[PDB]
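Taking the form deposited without galactose-uridine-5'-diphosphate (GDU), here's one chain by itself in structure tokens.
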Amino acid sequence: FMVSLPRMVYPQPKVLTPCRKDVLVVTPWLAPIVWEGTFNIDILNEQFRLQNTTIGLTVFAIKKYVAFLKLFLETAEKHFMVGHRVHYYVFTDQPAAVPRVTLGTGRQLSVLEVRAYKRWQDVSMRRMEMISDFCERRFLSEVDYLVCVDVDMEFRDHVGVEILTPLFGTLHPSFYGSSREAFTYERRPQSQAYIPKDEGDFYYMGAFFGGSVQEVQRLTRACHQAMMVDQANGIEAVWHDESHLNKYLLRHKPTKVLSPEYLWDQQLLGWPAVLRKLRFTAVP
């Protein structure tokens, strides 16, 4: 049950003037594609705060990648879901190397130890396995949404409830303008991740996906199972769990798609006019 929104004063949406004319803002299956100028964050914040929404953020920091946690967390504190309840789950092989980052009210961090695996095969499947296989009951009890991101990143601008939806992927910054035949999907029919040259909507990046706990567990379970089949069949998808994520999102359409504002690499790609904000970016 959802209470009424309060009275709010904001500019009237104008039916005969689009918010953005330079980009696709809705997919053919009627999922919003989230760009600056498409949303009023005040309305969305009201809608989600009224539900007392809790967002879980999962991040893996293994070996040398623990060095990225301090900037990742400090910038998440400035830009990610501010005003909402947030639970960070940091999965690491080095609990002692996790920095003590000061958190705002209503925000908490849990350090979760991984997990052995000397064989690279199991390391490849570790994230999908851990989100689905081992963390299932924990996430269902603690958060409403799960967001899965890479650690070698920093927040530079607002990333908030505009992304929340049953299931989302993010347009990979190297491919948003590419033809589907150029997408680096897995192309060998022997792989469960296989996508033919005449299929595909978008190329989604493994570095930022999420949705409701239920939908994220479905996605991660399916990808983990598919990866196990590939391993038994002696094949590793060209881009590992990202290849599987792409296959899954082809066959299970996401209910929102994030624009490359949400996963950008300024060193590699600069700052094109189409991006009004650079929100979450690769650390050089």
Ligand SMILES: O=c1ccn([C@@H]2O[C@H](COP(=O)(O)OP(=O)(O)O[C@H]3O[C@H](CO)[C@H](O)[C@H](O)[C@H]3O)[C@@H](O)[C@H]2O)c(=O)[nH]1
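For every residue, the number given is its place in the sequence shown, counted from 1.
There is another form of this protein, the form deposited with galactose-uridine-5'-diphosphate (GDU) bound, and it is not shown here; the text below is about that form.
Peer 1: Please tell me whether any heavy atom belonging to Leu57 falls inside 4.5 Å of a heavy atom of galactose-uridine-5'-diphosphate (GDU), as the geometry stands in the deposited bound form.
Peer 2: Output for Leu57 is no: heavy atoms all beyond 4.5 Å of galactose-uridine-5'-diphosphate (GDU).
Peer 1: Using heavy atoms and a 4.5 Å limit, would one call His240 a contact residue for galactose-uridine-5'-diphosphate (GDU) in the deposited bound form?
Peer 2: Taking the distances in the deposited bound form, the answer for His240 is yes, it comes within 4.5 Å of galactose-uridine-5'-diphosphate (GDU).
Peer 1: When the contact criterion is heavy atoms within 4.5 Å, does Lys63 count as touching galactose-uridine-5'-diphosphate (GDU) in the deposited bound form?
Peer 2: Looking in the deposited bound form, residue contacts with galactose-uridine-5'-diphosphate (GDU) include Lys63, since a heavy atom lies within 4.5 Å.
Peer 1: Since only the chain is shown here, I'm wondering whether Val151 would be in contact with galactose-uridine-5'-diphosphate (GDU) in the deposited bound form (any heavy atom pair within 4.5 Å).
Peer 2: The answer is yes: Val151 has a heavy atom within 4.5 Å of galactose-uridine-5'-diphosphate (GDU).
Peer 1: Please pick, from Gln192, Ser132, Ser124, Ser212, the one residue with any non-hydrogen atom lying within 4.5 angstroms of galactose-uridine-5'-diphosphate (GDU) in the deposited bound form.
Peer 2: That would be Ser124.
Peer 1: Counting any non-hydrogen atom inside 4.5 Å, which residue from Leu164, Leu146, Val86, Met205 sits next to galactose-uridine-5'-diphosphate (GDU) in the deposited bound form?
Peer 2: The option sitting close enough to the partner is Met205.
Peer 1: Which of these stretches, 124-132, 138-146, 155-163, 100-108, has heavy atoms within 4.5 Å of galactose-uridine-5'-diphosphate (GDU) in the deposited bound form?
Peer 2: In short, 124-132.
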